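Here's the structure we're looking at; comments come further down.
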Amino acid sequence: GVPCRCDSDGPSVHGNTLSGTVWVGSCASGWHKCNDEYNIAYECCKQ
């Protein structure tokens, strides 16, 4: 995977770091879209 943020990463809140992850090709089997967009090629999701 790769570290990748969400739509509401946390501009003024705790734990705002890359706790989300990009899965290229498409997402991981237990995660979901944390944003409307995804990536260049890939897709960002959270858990």
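For the structure tokens, the naming scheme is as follows: chains receive sequential letters (A, B, ...) according to their order of presentation, residues are indexed from 1 within each chain, and ligands are indexed from 1 in presentation order.
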
Item to check | Residue neighbourhood residue 38 (chain A), 10 Å, only C-alpha atoms, exclusion window fewer than 5 positions, as a VMD selection string | outcome: chain A and resid 4 to 7 22 to 24 26 to 27 33 43 to 45

Okay, now the selection with C-alpha atoms, as a short mmCIF file (atom, residue, chain, number, x, y, z; two decimals), in the first residue's frame?
```cif
data_model
loop_
_atom_site.label_atom_id
_atom_site.label_comp_id
_atom_site.auth_asym_id
_atom_site.auth_seq_id
_atom_site.Cartn_x
_atom_site.Cartn_y
_atom_site.Cartn_z
CA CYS A 4 -3.01 8.44 1.41
CA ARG A 5 -5.43 10.89 3.04
CA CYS A 6 -9.17 11.46 2.79
CA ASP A 7 -11.46 14.45 1.89
CA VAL A 22 -4.04 3.98 -1.47
CA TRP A 23 -4.65 0.73 -3.19
CA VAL A 24 -3.89 0.91 -6.79
CA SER A 26 -8.95 -0.43 -6.69
CA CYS A 27 -9.66 -0.53 -2.82
CA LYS A 33 -14.19 5.56 0.02
CA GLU A 43 -7.76 4.78 -5.15
CA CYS A 44 -7.59 6.12 -1.59
CA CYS A 45 -9.71 4.48 1.19
#
```

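For the atom pair formed by CA of residue 25 (chain A) and CA of residue 41 (chain A), the distance is 7.0 Å, given to one decimal.
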
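Separating CA of residue 19 (chain A) from CA of residue 31 (chain A) is a distance of 12.4 Å.
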